[PDB]
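Here is the structure we will look at, set down as structure tokens.
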Ligand SMILES: Nc1nc2c(ncn2[C@@H]2O[C@H](COP(=O)(O)OP(=O)(O)O)[C@@H](O)[C@H]2O)c(=O)[nH]1
């Protein structure tokens, strides 16, 4: 019916976020070698999760698992300063996929419990979110392990959908 695509580098906290929603079992599928998909199905909504960044294995086939995406959730480890530039590049490629041009964008600046984590303002500038045109976006500072911030960010995505 409608899909929410939640993607980001490995260890960003996406699986942690799926489990905190308590909207259904997390199911892992491996449609092809090197492509692990995690899926939660709640009513008419499908939450679809996989890791981006690095080799981008089976990238040309991602379109056939993108379909009917109404909102993108980009999750970043705010403490991972080593890979923030990689997260920016991976986000930009998602923002250029034709099947996702109309999808809303929620950004979770995750792991705000860590002492040296970049704040949402810094994450906003590092991701280049203000260069996004004609697409509504929103960024929330979160701690997925406590759940802090997830409701406020998903409140924006849900009310705007
Ligand atoms: N400190 C901290 N750790 C987190 C947070 N969210 C997730 N983690 C940890 O990061 C690791 C990877 O989380 P995971 O959900 O598997 O990330 P994924 O690979 O993107 O799905 C786990 O050990 C989590 O406990 C957070 O907000 N703060």
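Reconstructed Cβ throughout: ideal geometry from the backbone, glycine too, with neighbour counts over all protein chains shown. Quick note: the coordinates plus some simple rules give every number you see, no bench work behind them.
Structure notes:
- A count restricted to segment 1-34 and to residues that are away from the ligand (no atom under 12 Å from the Cβ), surrounded by 14 or more Cβ atoms within 10 Å (Cβ to Cβ) and over 20 Å from residue 158 (Cβ atoms) stands at 0.
- Those residues of segment 91-110 which are more than 15 Å from residue 13 (Cβ to Cβ) and within 16 Å of the ligand (Cβ to nearest atom), in sequence order: 91, 94
- Filter result for residue 39 (out of contact with any helix residue (DSSP H, G or I) (no Cβ under 7 Å at 6 or more places or on another chain), free of Cβ contacts under 8 Å to residues at least 12 places away in the same chain and part of a strand (DSSP E or B)): no
- The residue that is nearest to residue 3 (Cα to Cα), among those in segment 52-73 that are in contact with a helix residue (DSSP H, G or I) (Cβ under 8 Å, 6 or more places away or on another chain) and part of a strand (DSSP E or B), is 69.
- Conditions (1) more than 15 Å from the ligand (Cβ to nearest atom); (2) without any contact (Cβ under 8 Å) to a residue 60 or more places away in the chain; number of the one not met by residue 79: (1)
- Looking only at residues in segment 35-56 that are loosely packed, with under 13 Cβ neighbours inside 10 Å and more than 15 Å from the ligand (Cβ to nearest atom), the one that is farthest from residue 156 (Cα to Cα) is 55.
- Residue check for residue 129: away from the ligand (no atom under 14 Å from the Cβ) and out of contact with any helix residue (DSSP H, G or I) (no Cβ under 7 Å at 6 or more places or on another chain): yes
- Scanning segment 68-87 for residues that are within 22 Å of residue 17 (Cβ to Cβ) and surrounded by fewer than 17 Cβ atoms within 10 Å (Cβ to Cβ) turns up 68, 79, 81, 82, 86.
- Test: residue in segment 140-160 that is touching a residue at least 40 places away in the same chain (Cβ under 8 Å), away from the ligand (no atom under 16 Å from the Cβ), under 24 Å from residue 2 (Cα atoms) and loosely packed, with under 14 Cβ neighbours inside 10 Å: yes
- Every residue from segment 126-152 that is within 17 Å of the chain's Cα centre (by Cα) and part of a helix (DSSP H, G or I): 126, 127, 129, 150, 151, 152
- Test: residue in segment 128-139 that is touching a residue at least 60 places away in the same chain (Cβ under 8 Å) and surrounded by 14 or more Cβ atoms within 10 Å (Cβ to Cβ): no
- Only a single item in (1) surrounded by 15 or more Cβ atoms within 10 Å (Cβ to Cβ); (2) under 15 Å from the mean Cα position of the chain (by Cα) is not met by residue 92, and it is number (1).
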